[PDB]
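Single-structure report; data block below.
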Amino acid sequence: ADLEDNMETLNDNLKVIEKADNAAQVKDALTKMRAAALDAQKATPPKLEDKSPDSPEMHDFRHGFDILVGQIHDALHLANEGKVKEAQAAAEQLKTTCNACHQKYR
Amino acid sequence: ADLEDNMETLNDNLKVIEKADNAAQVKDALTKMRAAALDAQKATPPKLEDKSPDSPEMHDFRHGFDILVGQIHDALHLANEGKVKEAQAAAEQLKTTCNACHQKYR
Amino acid sequence: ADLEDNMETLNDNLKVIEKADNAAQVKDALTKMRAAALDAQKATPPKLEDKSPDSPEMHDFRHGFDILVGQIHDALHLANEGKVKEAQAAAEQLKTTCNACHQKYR
Ligand code: HEM
Ligand code: HEM
Ligand code: HEM
Ligand code: NI
Ligand code: NI
Ligand code: NI
Ligand code: NI
Ligand code: NI
């Protein structure tokens with residue numbers, strides 16, 4: 001999928017979590033966020049159309065997604081153990097990664 | 001172990017999974033693939049004998065293994081929850097990482 | 001927290017594990033090591049005060065923590081499955097990461 005729909009997938013599933021009743025709703029959204037993250041990681045973003053895929057910026061751009069994926073996973077472990085509010089807490093924490101990549105590349 | 005035996009460990013365990021009966025067979029092979037991945041990640045590969053360990057290429061070379069290890073882990077979670085065919089599906093997906101590193105460094 | 005207290009958190013929890021009775025003691029320390037690792041990863045270390053945050057060295061410095069976090073996680077999985085001595089074995093293995101970052105940046 002395109003960078004922009006993956007960002008809507010990231011954004012949407014975030015709302016799904018912060019309002020979720022239960023663990024399965026959380027696990028499902030995190031699963032979907034992981035997929036989107038990983039697929040957005042393949043894209044070249046507007047701001048960086050002038051850079052080769054092995055530029056330092058494209059490298060750093062792809063690293064922002066590694067960080068998000070690691071976090072999602074840590075949230076997933078909490079979801080997997082039925083800890084729905086701390087899972088929700090994690091999901092909320094992801095924001096500072098979202099915003100760190102956005103400050104520099106969006 | 002040497003880069004080349006680790007690649008045979010990666011390759012072999014891949015066949016073990018795609019033909020596995022059960023979860024324990026999958027978990028075991030993934031465990032072994034993780035080990036080999038991590039050990040191959042220390043090696044300097046023929047194509048890159050002329051580069052320092054902190055060259056951008058050696059950096060990128062080691063990143064190909066981070067991606068594989070993350071994927072293996074995601075497959076492991078599926079194996080750990082008794083999902084043997086989707087675990088098998090994951091293991092198959094790893095191929096595009098194997099081949100992405102190979103296109104550029106093999 | 002500061003780089004140096006996070007390193008004491010890393011160091012302390014390591015002793016907690018290698019002497020632990022049970023899985024919950026291990027899971028708790030690993031959880032805390034993950035937190036500290038991730039927080040130390042934001043710091044700029046003395047040796048690198050003269051480098052921009054996107055220098056290759058600051059990049060490599062932050063990667064040393066990715067490796068530690070991945071390992072901690074692998075130890076956590078063992079802890080989570082009640083495997084207290086192999087969890088302890090993992091925790092001990094972390095040392096070569098600790099020391100690899102230290103050789104070059106401490
Ligand atoms: C869960 C955390 C994240 C959320 C909730 C999120 C959400 C969004 C949203 C809603 C947009 C605008 C989409 C649109 O309507 O066009 C966007 C754009 C963007 N994001 Fe994210 N994002 C996240 C993580 C990241 C990360 C980690 C990176 C960098 C590694 C990143 C890089 C970008 C870029 C480059 C755009 C603009 C692309 C363009 O100009 O077409 N995002 N994000
Ligand atoms: C599970 C995925 C992978 C599989 C199944 C796999 C399998 C193999 C096999 C069968 C070989 C030839 C071994 C021989 O008979 O000598 C090989 C070579 C090689 N692979 Fe992989 N590999 C994988 C992942 C990777 C990754 C991620 C990288 C890079 C990060 C990589 C880098 C290399 C290199 C450099 C060689 C050639 C080394 C030499 O010339 O001695 N491989 N791989
Ligand atoms: C679990 C593994 C680790 C342990 C047990 C550990 C432990 C320690 C300890 C005890 C200190 C001295 C603290 C003090 O009394 O001031 C220290 C310093 C330091 N470590 Fe670690 N560490 C680990 C991992 C890492 C990693 C992965 C990195 C690099 C990525 C790193 C980078 C540094 C640096 C730069 C200092 C010195 C900071 C300064 O000069 O203020 N450490 N570590
Ligand atoms: Ni796509
Ligand atoms: Ni990197
Ligand atoms: Ni996990
Ligand atoms: Ni070896
Ligand atoms: Ni701090």
Side-chain angles (χ1 to χ4, degrees), chain A residues 41 51-70 93 96 100-101 104-105, chain B residues 41 51-70 101 104, chain C residues 1-20 26 29-76 79 87-106:
Chain A
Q41 189 179 41
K51 312 282 198 217
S52 48
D54 308 86
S55 55
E57 303 93 345
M58 276 299 287
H59 193 128
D60 192 58
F61 172 74
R62 287 189 292 279
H63 283 332
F65 298 105
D66 295 329
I67 301 271
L68 196 58
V69 158
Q93 281 163 26
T96 47
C101 176
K104 51 180 102 81
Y105 298 118
Chain B
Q41 189 179 41
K51 312 282 198 217
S52 48
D54 308 86
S55 55
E57 303 93 345
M58 276 299 287
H59 193 128
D60 192 58
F61 172 74
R62 287 189 292 279
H63 283 332
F65 298 105
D66 295 329
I67 301 271
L68 196 58
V69 158
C101 176
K104 51 180 102 81
Chain C
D2 88 54
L3 184 166
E4 303 77 17
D5 259 290
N6 283 321
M7 292 291 155
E8 173 170 40
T9 298
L10 260 9
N11 193 34
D12 285 11
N13 287 103
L14 224 47
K15 299 149 162 175
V16 170
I17 293 320
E18 299 168 345
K19 289 166 187 261
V26 180
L30 295 164
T31 300
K32 282 156 181 199
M33 295 182 45
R34 174 183 162 91
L38 282 176
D39 206 36
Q41 189 179 41
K42 84 140 222 250
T44 299
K47 192 132 97 157
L48 298 184
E49 269 152 13
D50 58 335
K51 312 282 198 217
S52 48
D54 308 86
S55 55
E57 303 93 345
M58 276 299 287
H59 193 128
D60 192 58
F61 172 74
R62 287 189 292 279
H63 283 332
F65 298 105
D66 295 329
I67 301 271
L68 196 58
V69 158
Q71 297 170 327
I72 284 166
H73 191 68
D74 174 81
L76 189 248
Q88 283 179 140
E92 260 281 316
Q93 281 163 26
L94 294 174
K95 287 190 161 193
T96 47
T97 308
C98 305
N99 293 152
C101 176
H102 292 171
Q103 257 55 172
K104 51 180 102 81
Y105 298 118
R106 176 171 199 199

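Both ligands and their constituent atoms are indexed starting at 1 by order of listing. Chain letters run A, B, ... following the sequence lines, proteins first and then strands; every chain starts at 1.
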Identity and distance of the protein heavy atom lying nearest [atom]:
atom                    : answer
atom 5 (C) of ligand 3  : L14(C) CD2, 3.4 Å
atom 24 (C) of ligand 3 : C98(C) CA, 3.6 Å
atom 31 (C) of ligand 3 : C101(C) SG, 3.2 Å

Checking one value in my table: which N/O/S atom of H59(B) lies closest to the Ni ion (ligand 5)?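 For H59(B), the N, O or S atom at the smallest distance from the Ni ion (ligand 5) is NE2.
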Metal proximity, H102(C) vs atom 21 (Fe) of ligand 3, N/O/S cut-off 2.8 Å: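 Coordinating: yes.
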Atom 21 (Fe) of ligand 3 to nearest N/O/S of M7(C) below 2.8 Å: yes
List the atom of [X], the atom of [Y], and the distance in Å for their closest heavy-atom pair.
X      : Y      : value
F65(C) : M7(C)  : CE2-CE, 3.5 Å
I67(C) : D66(B) : CD1-OD1, 4.4 Å
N6(C)  : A1(C)  : ND2-O, 3.3 Å

For the Ni ion (ligand 8), which protein N/O/S atoms fall under 2.8 Å? Skip waters. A1(C) N, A1(C) O, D39(C) OD2
Heavy-atom nearest option to atom 10 (C) of ligand 3, drawn from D5(C), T9(C), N13(C), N11(C): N11(C)
Can you give the angle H63(C) NE2 - the Ni ion (ligand 5) - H63(B) NE2, rounded to 10°? 90°
Looking at CG of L10(C) and OG1 of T97(C), how far apart are the two atoms once the value is rounded to the nearest 0.5 Å?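 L10(C) CG to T97(C) OG1: 10.5 Å, rounded to 0.5 Å.
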So, taking the atom named CG in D54(B) and the one named CD in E57(C), what distance separates them when rounded to the nearest 0.5 Å?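 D54(B) atom CG to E57(C) atom CD measures 9.0 Å (nearest 0.5 Å).
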Would you check, one step at a time, whether the test side-chain hydrogen bond (donor to acceptor under 3.5 Å, both in side chains) holds for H63(B) with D60(B)? CA-CA 5 Å; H63(B) 283 332; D60(B) 192 58; over 6 Å; no
Any heavy atom of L3(C) under 4.0 Å from ligand 3? The part involved is side chain
With backbone taken as N, CA, C and O and side chain as the heavy atoms from C-beta onward, which portion of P46(C) lies under 4.0 Å from ligand 3: side chain, backbone, both, or neither?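 It is the side chain that gets close, since no backbone atom is under 4.0 Å.
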Give a yes or no on whether atom 33 (C) of ligand 3 lies under 4.0 Å from any heavy atom of the protein. yes
Please indicate, with yes or no, if any protein heavy atom is found under 4.0 Å from atom 43 (N) of ligand 3?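 There is a protein heavy atom less than 4.0 Å from atom 43 (N) of ligand 3.
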Between the side chain of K104(B) and the main-chain N/O of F61(B), is any donor-acceptor distance below 3.5 Å? no
Got a donor-acceptor contact below 3.5 angstrom from the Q103(C) side chain to the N99(C) backbone? yes
With the threshold set at under 4.0 angstrom, would you say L94(C) reaches ligand 3 through any of its heavy atoms? no
Identify, by atom number and element, the atoms of ligand 3 in contact range of [X], meaning under 4.0 Å from any of its heavy atoms.
X       : answer
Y105(C) : 35 (C)
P45(C)  : 35 (C)
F61(C)  : 29 (C), 30 (C)
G64(C)  : 27 (C), 30 (C)

Would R106(C) count as being in polar contact with ligand 3, using the rule that some N or O on each side must be under 3.5 angstrom apart?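 Among all N and O atoms of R106(C), none is under 3.5 Å from an N or O of ligand 3.
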For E4(C) and ligand 3, does the shortest N/O to N/O distance drop below 3.5 Å? yes
